[PDB]
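Just one chain is shown here, as structure tokens, and it is the form deposited in one PDB entry.
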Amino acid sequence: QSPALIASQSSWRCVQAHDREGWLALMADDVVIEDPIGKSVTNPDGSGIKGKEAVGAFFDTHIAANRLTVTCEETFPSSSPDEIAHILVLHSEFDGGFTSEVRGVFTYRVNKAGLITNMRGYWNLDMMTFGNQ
């Protein structure tokens, strides 16, 4: 198992586990999370969430007042043990029965130490589905 694979798989288990300290242990001090890439609700300036404090906030905000599934549909290794891509499905269910889902490509890059420097999501609000119950 490559470092990029251990890291990305560990990052889904830690959100499954709602395990904030284990999630942050996976991150480099210079981590940038672009979920999604570009200006969006979860990326207000289009530039990403930078550094472990900010990314901790991101974790805290995301796991609050909703059930947050991340399923790996498919994995695409590259030829670098430090970079990898996956198709993931994300489901949040907030209060009253709401309900957002998105399916995206996510790419991950780790440093020489095995820690996440980048996580990048290809999705936008037009691809997201809303529901009730």
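Shifts are known only where both forms have a C-alpha. Take the two forms, find the largest set of C-alpha atoms that superpose within 1.5 Å, and that set is the rigid core. In case it trips you up, residue 1 is the first one in the sequence shown, and so on.
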For this session: Could you check which stretch, 86-94 or 65-73, carries the larger mean CA temperature factor in the entry?
Result: 65-73
Seminar exercise, completed: Assert higher mean C-alpha B factor (17-25 or 115-123, deposited values) equals 17-25
Exercise. From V105, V102, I49, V41, which pick has the Cα B-factor that tops the rest in the entry?
Worked result: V41
Problem set entry | Third assignment of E34 from its chain's C-alpha B-factors | lowest
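One more form of this protein exists, namely the form deposited in another entry; it is left out here, but the text below deals with it.
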For this session: Would you mind telling me which residue of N66, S80, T42, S47 shifts its Cα by 2 Å or more between the shown form and the other one when the core is superposed?
Result: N66
Problem set entry | Core-aligned C-alpha movement of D29 between the shown form and the other one reaching 2 Å | no
Seminar exercise, completed: In sequence order, the rigid core aligned, runs of at least 3 residues with C-alpha shifts of 2 Å or more between the shown form and the other one are 63-66, 94-99
